[PDB]
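> In the deposited numbering, the protein residues as written are 4 to 535. Below is the structure I would like to discuss, written out as structure tokens.
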Ligand SMILES: *[C@@H]1O[C@H](CO)[C@@H](O)[C@H](O)[C@H]1NC(C)=O
Ligand SMILES: *[C@@H]1O[C@H](CO)[C@@H](O)[C@H](O)[C@H]1NC(C)=O
Ligand SMILES: C[C@@H](c1cccc(O)c1)N(C)C
């Protein structure tokens, strides 16, 4: 039966789901690792022991343990990201949407969700891959991994909690796709891993990690790169935060074994309840447990790797949104409210730049402010607000990505860059947040197609363009149709620096995406902070 597939791990029973008045197969909740429960907490992922009998892969699995967002109870704009499945440490599973009839060897796309490495679920609605699988005729796989301390606590040196296990969970899923996607009609030699936010950063991290390069063909990163200031930490920092977490639950801190044991005896929600008390600074866009530069998963500093071309060469398709910062200021910076225009004062503006650039000393905070302030109108609430919005976005998403892309292209086999700047017509967040972090996702997964979602005709059009770009890129290594009569997406070159818009208007090509502010963020401020 089309809904029955035999994989090296065992047989699997899927289900037929309806999609835009048609149907495709869906194998939901396939296990790709042994449940990281019990003494395996913090440990590296172990291969899911094969099973005999048919596995019911007709419904979604549990979502890993994670901090749920209760900032706006009932608000759909914030809960569409909260887990919609019973949380559980036993969450390592993957989902595959398969066209019908089943292909024989089509392009495959594995999706890695975002969430600041402390949250994320493959079962969210905007992550439903039936529309993409169906529309572009591709086998869509969305994996999952351990977020938070559960997947990132890092006591370097120990084998019980080495760290980066979350990324290992990911790789394990990628290996399972390499080894079995063929039985689902997928071409294991044409897998394109794509993610957003922490997911995009992850993608870049597999491109950098030798132990992963061999497991995928192409790569797509959205609103995030491996070198983002929040994506990784040093073993030292990671260790420090581990102890702090332990100290928060009154753990014996005499040895790693003493500490690790204590953390394993704590219920999941106990670690979650104090997770945020470990950060080193009062800051915005910073998460407790994230990938550490251990020397293993990451041979050396991400920068030297980038500089020495020590990374998988291939084609990549990445980009950012116009208002990345807005979401983190609403949640932490003083002055922003979900229900107001959030006009910011010079007092609060300053406080924002403080939270935004946590590692900066006074001179640094000064440089930033000077660089993002209209002194001919230093008291404009809208300016102070948007300026702050920009700061959070450039520093944390746009500029780090631009560094990456600039460093990669110099060794890559093709680079395509996009600047997504269309605000959905159905967005329920305040107008001031603009093109919000993670809202390009819905167009990538073609939600504008299903009418009951209330998108505009053009928005549906946009979705389809994107979906095709992504798919066509995954299949070929280029987002463009071989011979076409409509708009070429220029290749990004270290010389031209060309890039494109992604909105409901006629796409237009541009150059040097936010160079100005990124020469400051990537080249100046660093020098500044180091000299001082
Ligand atoms: C799992 O499969 C069983 C029969 O094999 C089916 O009745 C059930 O709906 C599926 N998922 C559920 C409800 O747990
Ligand atoms: C990609 O690699 C192929 C073969 O190695 C080469 O012919 C082509 O010019 C490369 N393209 C880019 C953009 O580097
Ligand atoms: C909170 C989170 C987020 C919020 C909204 C959409 C996303 O994809 C991710 N950041 C921190 C990674």
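By construction, the Cβ of each residue, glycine as well, lies at the ideal position given by its N, Cα and C atoms.
1) Can you list, in chain order, the residues of its chain with a C-beta nearer than 8 Å to that of residue 393? Leave out the 5 residues immediately preceding and following it.
2) With a threshold of 7 Å (Cβ to nearest heavy atom), would residue 441 be considered close to ligand 2?
3) Sorted by chain position, which residues of the same chain lie with C-beta nearer than 6 Å to residue 110's C-beta, five sequence neighbours on each side aside?
4) So residue 175 is in the alpha helix (DSSP H); what residue range does that whole segment cover?
5) With H, G and I counted as helix, E and B as strand and the rest as coil, what does DSSP make of residue 116?
6) Which whole runs of the beta strand (DSSP E) in the region 42–106 are 3 residues long or more, in chain order?
7) Should residue 199 be listed as close to ligand 3, given that the test is whether its C-beta is under 7 Å from any heavy atom?
8) Within the present structure, is the beta-carbon of residue 330 separated from the nearest heavy atom of ligand 3 by less than 7 Å?
9) Rounding to the nearest angstrom, what Cα-Cα distance links residue 462 and residue 155 in this structure?
10) Quickly, what does DSSP pair residue 459 with across the bridge? List them, please.
11) Taking the alpha-carbon of residue 298 as reference, which of 175, 20, 167 and 380 has the nearest alpha-carbon?
12) Mind checking whether residue 205 and residue 173 have CB atoms under 8 Å apart?
13) Our contact map puts residue 497 next to residue 412 with C-beta atoms below 8 Å; I'd like the distance itself, whole angstroms only.
14) Roughly how many angstroms lie between the CA atoms of residue 230 and residue 407, to the nearest whole one?
15) Any heavy atom of ligand 3 closer than 7 Å to the beta-carbon of residue 84?
16) Are the beta-carbon atoms of residue 322 and residue 225 separated by less than 8 Å?
17) Could you check if residue 79 belongs to the surroundings of ligand 4, using beta carbon to heavy atom distance under 7 Å?
18) Helix or strand or just coil, what does DSSP make of residue 308?
19) Check whether the region 307–318 touches the region 210–222, taking contact to mean three or more Cβ pairs, one atom from each stretch, closer than 8 Å.
20) Within 10 angstroms of its Cβ, does residue 482 collect 16 or more other Cβ (buried), or is it exposed?
21) Closest to residue 369 by C-alpha separation, out of 279, 153, 100 and 356, would be which residue?
22) Mapping the DSSP letters down to three states, classify residue 297 as helix, strand or coil.
23) Can you list, in chain order, the residues of its chain whose CB lies under 8 Å from that of residue 261, leaving out five sequence neighbours each side?
24) Is it the case that the CB of residue 494 approaches a heavy atom of ligand 2 more closely than 7 Å?
25) So is the beta-carbon of residue 62 under 7 Å away from any non-hydrogen atom of ligand 1?
26) Label residue 69 either buried or exposed according to how many other C-beta atoms from any shown protein chain fall within 10 Å of its C-beta, with 16 as the threshold for buried.
27) Quick check on the burial criterion: 16 or more other C-beta atoms within 10 angstroms. Buried or exposed for residue 162?
28) Hey, would you say the C-beta of residue 312 is under 7 Å away from at least one heavy atom of ligand 3?
29) Is there at least one non-hydrogen atom of ligand 2 closer than 7 Å to the beta-carbon of residue 483?
30) Are the region 425–442 and the region 338–347 in contact at 8 Å, needing three or more beta carbon pairs?
31) May I ask you to report which of helix, strand or coil DSSP gives residue 248?
32) Starting from the C-beta of residue 139, find all residues in its chain whose C-beta is less than 7 Å away, skip the five residues before and the five after it, and write them out in chain order.
33) Just the C-alpha distance for residue 464 and residue 248, rounded to the nearest angstrom, thanks.
34) If you compare alpha carbons, which of 233, 443 and 401 is closest to residue 523?
35) Strictly closer than 5 Å from CB to any heavy atom of ligand 2: give me those residues in the order they appear in the chain.
36) Please report the distance separating the alpha-carbon of residue 190 from that of residue 490.
Looking at the atomic coordinates:
1) Within the same chain, residue 393 has close Cβ partners 328, 375 and 520.
2) Flag unset: Cβ of residue 441 not near ligand 2.
3) Within its own chain, the residues whose Cβ lies closer than 6 Å to the Cβ of residue 110, once the five positions on either side in sequence are excluded, are 141, 193, 477 and 478, listed in chain order.
4) Its alpha helix (DSSP H) spans residues 168–183.
5) Looking at residue 116 - three-state DSSP - the assignment turns out to be coil, as it is neither helix nor strand.
6) DSSP runs (the beta strand (DSSP E)) wholly in the region 42–106: 57–59 and 96–101.
7) Result yes, Cβ under 7 Å from ligand 3.
8) Yes, ligand 3 has a heavy atom inside 7 Å of this Cβ.
9) Each residue's Cα considered, the two are about 38 Å apart.
10) BP columns for residue 459 are empty, so no partner.
11) Selected option, being the one with the closest Cα: 167.
12) Cβ atoms of residue 205 and residue 173: closer than 8 Å.
13) Between residue 497 and residue 412 a beta carbon distance of about 5 Å is seen, short of the 8 Å cut, so the two are scored as contacting.
14) Taking the straight line from one Cα to the other gives about 7 Å.
15) Yes, the Cβ of residue 84 comes within 7 Å of a heavy atom of ligand 3.
16) Closer than 8 Å, so yes.
17) For ligand 4, the structure offers nothing, since it holds only ligand 1, ligand 2 and ligand 3.
18) Residue 308 carries a helical assignment under DSSP once its states are collapsed to helix, strand and coil.
19) These segments touch.
20) It is buried - the Cβ of residue 482 has at least 16 other Cβ atoms within 10 Å.
21) Measuring from the Cα of residue 369, the nearest candidate turns out to be 356.
22) The three-state reading of DSSP puts residue 297 in coil, since its state is none of H, G, I, E or B.
23) Hits under 8 Å: 254 and 255.
24) Within 7 Å of the C-beta of residue 494 there is at least one heavy atom belonging to ligand 2.
25) Yes, the beta carbon of residue 62 sits closer than 7 Å to at least one heavy atom of ligand 1.
26) A buried status is given to residue 69, since no fewer than 16 other beta-carbon atoms sit within 10 Å of its beta-carbon.
27) Looking at its Cβ environment, which holds fewer than 16 other Cβ atoms inside 10 Å, residue 162 is exposed.
28) It does not: the Cβ of residue 312 is nowhere closer than 7 Å to a heavy atom of ligand 3.
29) No, since every heavy atom of ligand 2 falls outside the 7 Å radius drawn around the Cβ of residue 483.
30) A contact exists between the region 425–442 and the region 338–347.
31) Helix.
32) These residues qualify, in order along the chain: 470, 471 and 474.
33) Rounded to whole angstroms, residue 464 to residue 248 spans 48 Å at the Cα level.
34) Among 233, 443 and 401, the Cα nearest to that of residue 523 is on 401.
35) Listed along the chain, these residues meet the criterion: 416 and 417.
36) Taking the Cα positions, residue 190 is about 29 Å away from residue 490.
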